[PDB]
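Data from entry25.cif: mmCIF, N, CA and C atoms
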data_start
loop_
_atom_site.group_PDB
_atom_site.id
_atom_site.type_symbol
_atom_site.label_atom_id
_atom_site.label_comp_id
_atom_site.auth_asym_id
_atom_site.auth_seq_id
_atom_site.Cartn_x
_atom_site.Cartn_y
_atom_site.Cartn_z
ATOM 1 N N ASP T 5 -2.254 38.433 -10.287
ATOM 2 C CA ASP T 5 -2.596 38.722 -8.907
ATOM 3 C C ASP T 5 -2.089 37.617 -7.973
ATOM 4 N N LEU T 6 -1.903 37.977 -6.697
ATOM 5 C CA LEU T 6 -1.517 37.085 -5.612
ATOM 6 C C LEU T 6 -2.234 35.738 -5.716
ATOM 7 N N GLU T 7 -3.557 35.761 -5.915
ATOM 8 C CA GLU T 7 -4.374 34.559 -6.009
ATOM 9 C C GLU T 7 -3.856 33.576 -7.066
ATOM 10 N N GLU T 8 -3.332 34.068 -8.194
ATOM 11 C CA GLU T 8 -2.709 33.207 -9.191
ATOM 12 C C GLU T 8 -1.291 32.859 -8.747
ATOM 13 N N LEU T 9 -0.516 33.877 -8.357
ATOM 14 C CA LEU T 9 0.886 33.714 -7.992
ATOM 15 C C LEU T 9 1.078 32.609 -6.952
ATOM 16 N N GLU T 10 0.299 32.604 -5.865
ATOM 17 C CA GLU T 10 0.454 31.623 -4.795
ATOM 18 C C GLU T 10 0.357 30.194 -5.330
ATOM 19 N N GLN T 11 -0.809 29.856 -5.880
ATOM 20 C CA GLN T 11 -1.077 28.526 -6.400
ATOM 21 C C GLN T 11 -0.078 28.168 -7.504
ATOM 22 N N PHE T 12 0.202 29.107 -8.413
ATOM 23 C CA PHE T 12 1.180 28.913 -9.474
ATOM 24 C C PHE T 12 2.539 28.533 -8.877
ATOM 25 N N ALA T 13 3.033 29.326 -7.925
ATOM 26 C CA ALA T 13 4.317 29.118 -7.273
ATOM 27 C C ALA T 13 4.353 27.750 -6.595
ATOM 28 N N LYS T 14 3.346 27.472 -5.767
ATOM 29 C CA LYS T 14 3.180 26.191 -5.095
ATOM 30 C C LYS T 14 3.253 25.052 -6.118
ATOM 31 N N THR T 15 2.505 25.174 -7.215
ATOM 32 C CA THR T 15 2.471 24.169 -8.272
ATOM 33 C C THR T 15 3.853 24.011 -8.912
ATOM 34 N N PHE T 16 4.516 25.126 -9.226
ATOM 35 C CA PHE T 16 5.869 25.122 -9.761
ATOM 36 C C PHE T 16 6.789 24.345 -8.818
ATOM 37 N N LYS T 17 6.698 24.599 -7.510
ATOM 38 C CA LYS T 17 7.437 23.826 -6.521
ATOM 39 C C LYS T 17 7.095 22.334 -6.612
ATOM 40 N N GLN T 18 5.813 21.961 -6.707
ATOM 41 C CA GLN T 18 5.464 20.543 -6.816
ATOM 42 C C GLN T 18 6.116 19.924 -8.053
ATOM 43 N N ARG T 19 6.017 20.599 -9.199
ATOM 44 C CA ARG T 19 6.647 20.133 -10.428
ATOM 45 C C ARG T 19 8.158 19.998 -10.238
ATOM 46 N N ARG T 20 8.795 21.007 -9.645
ATOM 47 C CA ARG T 20 10.215 20.991 -9.338
ATOM 48 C C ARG T 20 10.579 19.764 -8.492
ATOM 49 N N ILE T 21 9.798 19.495 -7.442
ATOM 50 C CA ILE T 21 9.964 18.311 -6.610
ATOM 51 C C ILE T 21 9.810 17.051 -7.466
ATOM 52 N N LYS T 22 8.777 16.977 -8.310
ATOM 53 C CA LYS T 22 8.554 15.833 -9.188
ATOM 54 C C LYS T 22 9.760 15.594 -10.106
ATOM 55 N N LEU T 23 10.345 16.661 -10.660
ATOM 56 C CA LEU T 23 11.577 16.572 -11.441
ATOM 57 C C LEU T 23 12.784 16.177 -10.577
ATOM 58 N N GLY T 24 12.676 16.277 -9.248
ATOM 59 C CA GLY T 24 13.782 16.065 -8.330
ATOM 60 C C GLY T 24 14.804 17.192 -8.458
ATOM 61 N N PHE T 25 14.341 18.409 -8.755
ATOM 62 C CA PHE T 25 15.218 19.545 -9.011
ATOM 63 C C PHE T 25 15.457 20.295 -7.705
ATOM 64 N N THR T 26 16.366 19.723 -6.921
ATOM 65 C CA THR T 26 16.708 20.110 -5.567
ATOM 66 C C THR T 26 18.062 20.821 -5.585
ATOM 67 N N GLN T 27 18.533 21.204 -4.395
ATOM 68 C CA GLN T 27 19.741 21.974 -4.122
ATOM 69 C C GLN T 27 19.667 23.334 -4.818
ATOM 70 N N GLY T 28 19.793 23.339 -6.141
ATOM 71 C CA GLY T 28 19.523 24.493 -6.971
ATOM 72 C C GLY T 28 19.502 24.094 -8.442
ATOM 73 N N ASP T 29 18.942 22.925 -8.790
ATOM 74 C CA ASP T 29 18.939 22.478 -10.183
ATOM 75 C C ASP T 29 18.210 23.495 -11.074
ATOM 76 N N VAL T 30 16.996 23.906 -10.674
ATOM 77 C CA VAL T 30 16.301 25.017 -11.325
ATOM 78 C C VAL T 30 17.230 26.228 -11.417
ATOM 79 N N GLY T 31 17.853 26.612 -10.299
ATOM 80 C CA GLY T 31 18.785 27.729 -10.243
ATOM 81 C C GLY T 31 19.880 27.628 -11.306
ATOM 82 N N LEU T 32 20.469 26.444 -11.482
ATOM 83 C CA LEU T 32 21.505 26.193 -12.478
ATOM 84 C C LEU T 32 20.944 26.367 -13.884
ATOM 85 N N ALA T 33 19.833 25.683 -14.146
ATOM 86 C CA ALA T 33 19.172 25.721 -15.442
ATOM 87 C C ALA T 33 18.827 27.167 -15.824
ATOM 88 N N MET T 34 18.059 27.860 -14.983
ATOM 89 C CA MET T 34 17.812 29.288 -15.080
ATOM 90 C C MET T 34 19.116 30.068 -15.219
ATOM 91 N N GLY T 35 20.135 29.697 -14.450
ATOM 92 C CA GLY T 35 21.497 30.192 -14.583
ATOM 93 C C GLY T 35 21.949 30.227 -16.038
ATOM 94 N N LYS T 36 21.843 29.089 -16.720
ATOM 95 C CA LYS T 36 22.200 28.982 -18.126
ATOM 96 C C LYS T 36 21.246 29.793 -19.011
ATOM 97 N N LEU T 37 19.937 29.620 -18.811
ATOM 98 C CA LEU T 37 18.910 30.143 -19.707
ATOM 99 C C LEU T 37 18.772 31.665 -19.616
ATOM 100 N N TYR T 38 18.579 32.172 -18.396
ATOM 101 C CA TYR T 38 18.211 33.548 -18.092
ATOM 102 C C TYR T 38 19.314 34.251 -17.288
ATOM 103 N N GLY T 39 19.665 33.702 -16.121
ATOM 104 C CA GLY T 39 20.554 34.319 -15.149
ATOM 105 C C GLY T 39 20.502 33.552 -13.823
ATOM 106 N N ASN T 40 21.598 33.599 -13.057
ATOM 107 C CA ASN T 40 21.836 32.773 -11.868
ATOM 108 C C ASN T 40 21.057 33.248 -10.638
ATOM 109 N N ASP T 41 19.730 33.246 -10.747
ATOM 110 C CA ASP T 41 18.805 33.508 -9.650
ATOM 111 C C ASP T 41 18.086 32.191 -9.308
ATOM 112 N N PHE T 42 17.269 32.163 -8.250
ATOM 113 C CA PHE T 42 16.463 31.004 -7.859
ATOM 114 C C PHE T 42 17.323 29.830 -7.396
ATOM 115 N N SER T 43 18.380 30.146 -6.651
ATOM 116 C CA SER T 43 19.232 29.202 -5.952
ATOM 117 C C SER T 43 18.509 28.669 -4.708
ATOM 118 N N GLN T 44 17.328 28.062 -4.877
ATOM 119 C CA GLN T 44 16.444 27.608 -3.796
ATOM 120 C C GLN T 44 15.765 28.796 -3.094
ATOM 121 N N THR T 45 16.568 29.763 -2.646
ATOM 122 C CA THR T 45 16.186 31.009 -2.007
ATOM 123 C C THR T 45 14.977 31.649 -2.691
ATOM 124 N N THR T 46 15.173 32.168 -3.901
ATOM 125 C CA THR T 46 14.179 32.965 -4.597
ATOM 126 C C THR T 46 12.912 32.150 -4.893
ATOM 127 N N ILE T 47 13.053 30.842 -5.141
ATOM 128 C CA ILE T 47 11.920 29.926 -5.255
ATOM 129 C C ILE T 47 11.139 29.919 -3.938
ATOM 130 N N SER T 48 11.823 29.671 -2.821
ATOM 131 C CA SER T 48 11.196 29.690 -1.506
ATOM 132 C C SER T 48 10.469 31.022 -1.276
ATOM 133 N N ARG T 49 11.148 32.141 -1.555
ATOM 134 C CA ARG T 49 10.544 33.463 -1.468
ATOM 135 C C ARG T 49 9.301 33.570 -2.350
ATOM 136 N N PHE T 50 9.353 33.042 -3.575
ATOM 137 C CA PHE T 50 8.223 33.064 -4.494
ATOM 138 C C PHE T 50 7.018 32.377 -3.866
ATOM 139 N N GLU T 51 7.192 31.123 -3.440
ATOM 140 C CA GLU T 51 6.119 30.403 -2.753
ATOM 141 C C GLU T 51 5.642 31.158 -1.506
ATOM 142 N N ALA T 52 6.554 31.788 -0.762
ATOM 143 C CA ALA T 52 6.202 32.614 0.393
ATOM 144 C C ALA T 52 5.637 33.991 0.001
ATOM 145 N N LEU T 53 5.551 34.301 -1.296
ATOM 146 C CA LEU T 53 5.176 35.595 -1.849
ATOM 147 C C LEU T 53 5.982 36.757 -1.256
ATOM 148 N N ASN T 54 7.234 36.512 -0.859
ATOM 149 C CA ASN T 54 8.079 37.487 -0.175
ATOM 150 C C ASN T 54 8.772 38.414 -1.180
ATOM 151 N N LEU T 55 8.074 38.740 -2.270
ATOM 152 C CA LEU T 55 8.532 39.615 -3.344
ATOM 153 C C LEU T 55 7.388 40.529 -3.821
ATOM 154 N N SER T 56 6.359 40.691 -2.979
ATOM 155 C CA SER T 56 5.260 41.646 -3.066
ATOM 156 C C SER T 56 4.864 42.088 -4.479
ATOM 157 N N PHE T 57 4.442 41.137 -5.317
ATOM 158 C CA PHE T 57 3.857 41.341 -6.641
ATOM 159 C C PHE T 57 4.840 41.870 -7.693
ATOM 160 N N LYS T 58 5.445 43.034 -7.441
ATOM 161 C CA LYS T 58 6.260 43.802 -8.374
ATOM 162 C C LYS T 58 7.197 42.931 -9.220
ATOM 163 N N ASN T 59 8.036 42.134 -8.558
ATOM 164 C CA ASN T 59 8.939 41.215 -9.236
ATOM 165 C C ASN T 59 8.157 40.004 -9.719
ATOM 166 N N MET T 60 7.384 39.443 -8.793
ATOM 167 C CA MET T 60 6.642 38.203 -8.948
ATOM 168 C C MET T 60 5.904 38.118 -10.279
ATOM 169 N N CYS T 61 5.238 39.201 -10.667
ATOM 170 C CA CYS T 61 4.489 39.265 -11.914
ATOM 171 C C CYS T 61 5.382 39.025 -13.135
ATOM 172 N N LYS T 62 6.630 39.500 -13.088
ATOM 173 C CA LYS T 62 7.625 39.258 -14.125
ATOM 174 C C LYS T 62 8.228 37.857 -13.957
ATOM 175 N N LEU T 63 8.396 37.428 -12.706
ATOM 176 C CA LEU T 63 8.989 36.145 -12.357
ATOM 177 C C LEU T 63 8.128 34.962 -12.825
ATOM 178 N N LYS T 64 6.811 35.026 -12.600
ATOM 179 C CA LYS T 64 5.857 34.000 -13.012
ATOM 180 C C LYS T 64 6.080 33.498 -14.450
ATOM 181 N N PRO T 65 5.968 34.338 -15.494
ATOM 182 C CA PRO T 65 6.130 33.888 -16.866
ATOM 183 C C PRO T 65 7.517 33.295 -17.122
ATOM 184 N N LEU T 66 8.578 33.812 -16.485
ATOM 185 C CA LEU T 66 9.915 33.256 -16.681
ATOM 186 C C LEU T 66 9.857 31.811 -16.187
ATOM 187 N N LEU T 67 9.305 31.576 -14.991
ATOM 188 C CA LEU T 67 9.186 30.227 -14.470
ATOM 189 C C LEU T 67 8.260 29.376 -15.331
ATOM 190 N N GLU T 68 7.162 29.932 -15.841
ATOM 191 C CA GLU T 68 6.250 29.192 -16.706
ATOM 192 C C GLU T 68 6.999 28.691 -17.947
ATOM 193 N N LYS T 69 7.698 29.600 -18.628
ATOM 194 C CA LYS T 69 8.531 29.254 -19.769
ATOM 195 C C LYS T 69 9.634 28.279 -19.342
ATOM 196 N N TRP T 70 10.219 28.469 -18.155
ATOM 197 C CA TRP T 70 11.173 27.513 -17.621
ATOM 198 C C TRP T 70 10.529 26.129 -17.530
ATOM 199 N N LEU T 71 9.294 26.045 -17.031
ATOM 200 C CA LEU T 71 8.559 24.795 -16.886
ATOM 201 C C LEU T 71 8.388 24.143 -18.259
ATOM 202 N N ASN T 72 7.966 24.935 -19.250
ATOM 203 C CA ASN T 72 7.847 24.482 -20.633
ATOM 204 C C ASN T 72 9.181 23.924 -21.143
ATOM 205 N N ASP T 73 10.278 24.641 -20.901
ATOM 206 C CA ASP T 73 11.619 24.284 -21.357
ATOM 207 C C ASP T 73 12.149 23.015 -20.667
ATOM 208 N N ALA T 74 12.085 22.998 -19.336
ATOM 209 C CA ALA T 74 12.608 21.992 -18.420
ATOM 210 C C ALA T 74 13.992 21.464 -18.802
ATOM 211 N N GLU T 75 14.927 22.372 -19.091
ATOM 212 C CA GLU T 75 16.333 22.024 -19.256
ATOM 213 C C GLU T 75 16.810 21.273 -18.011
#
Go ahead and render the structure in this file as structure tokens.
Amino acid sequence: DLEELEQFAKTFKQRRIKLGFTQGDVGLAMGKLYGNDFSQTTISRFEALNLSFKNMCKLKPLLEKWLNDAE
């Protein structure tokens, strides 16, 4: 639900900032791992919840596993 997605996304952004994963470092890594999405754009949209649940629910676990991986 939105209530998890918001805080999760925000937290993912904080972790990303802590890693110094700017410009599109996450985007590149995800690029290699999954596919070339989250070029800053889609991350920003995620935190803004500008993907109205449908995608977001699938997006969350990919980012969670990405966080675990931290390539």
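Of the listed residues (T:23, T:14, T:7, T:37), T:14 comes nearest to residue 49 of chain T; the distances count only C-alpha atoms.
Taking atom CA of residue 58 of chain T as the reference point, atom CA of residue 21 of chain T is found at 25.8 Å.
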- [ ] On this file, the PyMOL selection byres ((chain T and resi 31) around 7) gives some set of residues; write that set as a list in words.
- [x]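 Here the PyMOL selection byres ((chain T and resi 31) around 7) matches residues 27, 28, 29, 30, 32, 33, 34, 35, 36, 39, 40, 41, 42, 43 and 44 of chain T.
Note that the spacing between atom C of residue 26 of chain T and atom C of residue 63 of chain T amounts to 18.7 Å.
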Task: Nearest-residue call for residue 65 of chain T, choices T:22, T:46, T:51, T:13, using only C-alpha atoms - done: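 Checking each candidate against residue 65 of chain T, we get T:13 as the closest.
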- [ ] For each of T:9, T:24, T:75, T:19, take the minimum atom-to-atom distance to residue 61 of chain T, counting all atoms listed in the file, then give the residue where this is smallest.
- [x] T:9
